[PDB]
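Basis for what follows: all heavy atoms, side chains included, without hydrogens, waters or symmetry-related copies. Letters go in sequence order (proteins before strands), and every chain restarts at 1.
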Amino acid sequence: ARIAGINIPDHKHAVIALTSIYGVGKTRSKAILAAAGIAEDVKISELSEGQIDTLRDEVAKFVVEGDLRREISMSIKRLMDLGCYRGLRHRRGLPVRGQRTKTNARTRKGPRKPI
Amino acid sequence: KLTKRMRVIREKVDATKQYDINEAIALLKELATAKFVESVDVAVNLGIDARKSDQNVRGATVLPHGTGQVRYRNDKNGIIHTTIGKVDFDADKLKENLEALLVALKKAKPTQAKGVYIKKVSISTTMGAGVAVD
RNA sequence: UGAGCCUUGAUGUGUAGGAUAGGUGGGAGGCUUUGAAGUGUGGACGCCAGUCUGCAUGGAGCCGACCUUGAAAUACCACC
RNA sequence: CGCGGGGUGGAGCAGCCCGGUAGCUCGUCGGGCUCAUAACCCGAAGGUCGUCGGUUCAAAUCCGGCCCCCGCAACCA
């Protein structure tokens with residue numbers, strides 16, 4: 001299956017396929033299906049790629065895929081040009097929220113590096 | 001063990017001794033024993049071994065009798081296994097064909113080659129035995 | 001008793017593949033109650049696998065040009 | 001000059017013949033065991049093999065070129 005987004009959702013439970021789509025969370029998946037009205041408890045028969053036509057227009061109201069990524073990039077480049085502490089952690093690959101660097105900061109710094 | 005076809009082939013060819021082209025090609029023409037036309041298979045061993053890299057030979061030859069353009073490349077055991085043409089071709093013409101291949105082989109020989117260039121020259125058909133050429 | 005070397009059989013296990021695909025060429029015919037795969041069976045390479053091999057049974061079928069696969073039937077002829 | 005041998009992790013040594021993608025020993029660094037140290041144990045890193053070509057599906061491996069070292073033999077402008 002395909003959606004308005006560039007990435008293609010898998011053929012399976014409709015809610016799960018949307019969670020996988022970038023930019024759309026499980027809760028946002030439920031938001032647009034509430035507007036679309038397509039539930040999984042309806043007749044499974046008569047299901048086609050034509051049906052997601054309503055999905056194409058309603059998802060477009062939410063920034064997703066490349067649009068969100070562009071937003072993330074502009075937010076981080078601004079941080080770098082600002083000279084703020086928040087930007088500096090981004091540059092050095094260090095925690096950006098105030099978590100301890102002494103220990104338990106592996107996700108930010110990366111694999112262990114010998115002295 | 002050996003079948004009647006194979007024992008009569010080895011009865012027709014006594015490969016333990018060498019033969020001259022006139023006799024060898026007569027044996028080859030009498031060795032022509034199959035439902036389908038066979039092709040001459042060359043069996044020439046070179047004293048030079050392509051085991052030395054620089055001694056490798058690549059060559060080509062156009063035959064007026066035809067098989068008419070043939071190519072050849074030496075293997076690792078330094079042996080030549082080409083085809084001069086079909087068996088029904090006349091013996092004298094086949095003898096000229098192999099002779100031209102041999103003259104091109106002398107041109108192909110490198111200087112680095114040490115010892116006899118052509119250690120032995122032999123002929124065989126699809127199912128025929130190897131007859132030495134002199 | 002060592003080496004050269006003649007001859008006979010035996011012996012090759014990187015692997016998708018069926019498998020125990022060493023190098024090349026001719027190469028869809030070899031083979032065949034005078035016994036096809038295979039069996040009993042005795043050993044071999046033994047890597048324990050593919051084959052071969054004293055005799056008998058089986059009563060005619062085997063290798064396939066299908067796939068796989070640098071590379072093909074490795075059916076058929078020689079050397080290393 | 002001829003013939004033979006050698007160069008592979010910091011170092012040393014295999015693997016080479018018979019090509020199947022490269023190990024060990026010692027050292028290094030981190031951890032463990034112990035009151036502590038050694039020994040020992042575990043994990044990690046390190047060269048794709050003196051170099052350069054050829055061959056091949058594929059090269060430390062096979063064949064050449066070159067460099068250095070060594071052994072023996074050879075050398076009457």
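On the P atoms, C:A37 is 24 Å away from C:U8, given to the nearest whole Å. Using P as the reference atom, D:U48 and D:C35 are 45 Å apart when rounded to the nearest Å. Distance check on atom P: D:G19 versus C:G14 gives 13 Å, rounded to whole Å. Rounded to a whole angstrom, the distance from the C1' atom of D:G15 to that of D:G23 is 7 Å. Nucleotides C:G25 and C:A73 place their P atoms 10 Å apart, quoted to the nearest Å. Using atom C1' as the reference point in both C:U74 and C:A56, the two lie 30 Å apart (nearest Å). The separation of C:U51 from C:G22, taken at their P atoms, amounts to 13 Å, rounded to a whole angstrom. Nucleotides C:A72 and C:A28 have their P atoms positioned 15 Å apart, rounded to a whole Å.
The pentose of D:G43 belongs to the north class of puckers. Its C1'-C2'-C3'-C4' angle has a positive sign. With a positive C1'-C2'-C3'-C4' torsion, the sugar ring of D:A73 falls in the north range. Because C1'-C2'-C3'-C4' is negative for C:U74, its sugar is assigned to the south class. Pucker check on C:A60: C1'-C2'-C3'-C4' negative, sugar south.
How far CG of A:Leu18 is from CD1 of A:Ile32: 4.5 Å, rounded to the nearest 0.5 Å. A:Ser29 contributes atom OG, which lies 9.5 Å from atom CD1 of A:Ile16 (distance to the nearest 0.5 angstrom).
Residue B:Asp75 places its side chain closer to C:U24 than to any other of D:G54, C:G26, C:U24. Each of D:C63, C:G27, C:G30 was ranked by its minimum atom distance to the side chain of B:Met127; first place goes to C:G30. The side chain of B:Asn45 has C:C79 as its nearest neighbour among C:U24, C:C79, D:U55. Looking at the side chain of B:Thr3, the nearest of the listed nucleotides C:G30, C:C31, C:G23 is C:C31. Of all nucleotides listed (C:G23, C:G26, D:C63), C:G26 comes nearest to the side chain of B:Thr126. Comparing C:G27, C:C77, C:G23 against the side chain of B:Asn77 picks out C:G23 as the nearest. Comparing D:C18, C:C77, C:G29 by their closest approach to the side chain of B:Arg51 singles out D:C18. Looking at the side chain of B:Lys1, the nearest of the listed nucleotides C:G29, C:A78, C:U53 is C:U53.
With the nearest nucleotide of RNA chain C identified for both B:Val37 and B:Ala43, B:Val37 has the one nearer the 5' end. Residue B:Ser39 is the one, among B:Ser39 and B:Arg5, whose nearest nucleotide of RNA chain C lies closer to the 5' end (criterion: closest heavy atom).
Annotation for B:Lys29: atom NZ does not count as buried by contact number, only 12 or fewer foreign heavy atoms lying within 6.0 Å. Residue B:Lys35 qualifies as open at atom NZ: its count of foreign heavy atoms under 6.0 Å is 12 or below.
In this strand, C:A72 stacks on its neighbour C:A73, with six-membered ring centres under 5.5 Å apart and planes inclined by less than 30°. Annotated as not stacked: the bases of D:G47 and D:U48, by the 5.5 Å centre and 30° plane rule.
Remark: C:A3 base-pairs with no nucleotide; criterion is Watson-Crick or G-U wobble with both hydrogen-bond distances under 3.5 Å. Using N1 to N3 plus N6-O4 or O6-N4 for Watson-Crick, or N1-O2 and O6-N3 for G-U wobble, each under 3.5 Å, C:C76 pairs with C:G26. Under the Watson-Crick or G-U wobble criterion, with both distances below 3.5 Å, D:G2 is paired with D:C72. Base pairing of C:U15: no nucleotide in any strand meets the Watson-Crick or G-U wobble criterion (both distances under 3.5 Å). Pair check for C:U8 finds none; no Watson-Crick or G-U wobble contact set falls under 3.5 Å.
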- Carefully, step by step, assess B:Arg5 and B:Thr33 under the rule side chain to side chain donor-acceptor pair (under 3.5 Å). CA-CA 10 Å; B:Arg5 177 74 241 139; B:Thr33 46; 3.2 Å; yes
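When the side-chain nitrogen and oxygen atoms of B:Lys76 are compared with OP1 and OP2 of C:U24, none of them lie within a distance under 4.0 Å. OP1 or OP2 of D:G64 lies within a sub-4.0 Å distance of a side-chain N or O belonging to B:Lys52. Residue B:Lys86 places at least one side-chain N or O under 4.0 Å from the OP1 or OP2 atom of C:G27.
Under a 3.5 Å limit on both donor-acceptor distances, the bases of C:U51 and C:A44 meet the Watson-Crick or G-U wobble criterion. Applying the 3.5 Å cutoff to both bonds, C:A56 and C:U39 register as a Watson-Crick or G-U wobble pair. Nucleotides D:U28 and D:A44 meet the pairing criterion: a Watson-Crick or G-U wobble pair with both donor-acceptor distances under 3.5 Å. In this structure D:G43 is paired with D:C29, meeting the Watson-Crick or G-U wobble definition at both distances under 3.5 Å.
Taking the syn range as angles within 90° of 0, the glycosidic angle of D:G32 is outside it, so the base is anti.
As judged by a 4.0 angstrom heavy-atom cut-off over every strand, B:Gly130 is placed among residues making no nucleic acid contact. Using a 4.0 Å heavy-atom criterion, one finds that B:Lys35 contacts the sugar-phosphate atoms exclusively.
In this structure, B:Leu46 places its CG atom 14 Å from P of C:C80, rounding to the nearest Å. One can place CG of B:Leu101 at 13 Å from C1' of C:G25, the figure rounded to the nearest angstrom. Here the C1' atom of nucleotide C:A78 and the CG atom of B:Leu28 are 13 Å apart, to the nearest Å. We find that CD1 of B:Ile9 is positioned 7 Å from P of C:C77, with the value rounded to whole Å.
Ion pair B:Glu23/B:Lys95 not flagged as a salt bridge, since none of the NZ, NE, NH1 or NH2 atoms sits closer than 4.0 Å to an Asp/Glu carboxylate oxygen.
With hydrogens and angles ignored, a donor-acceptor pair closer than 3.5 Å exists between the side chain of B:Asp41 and the base of C:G25.
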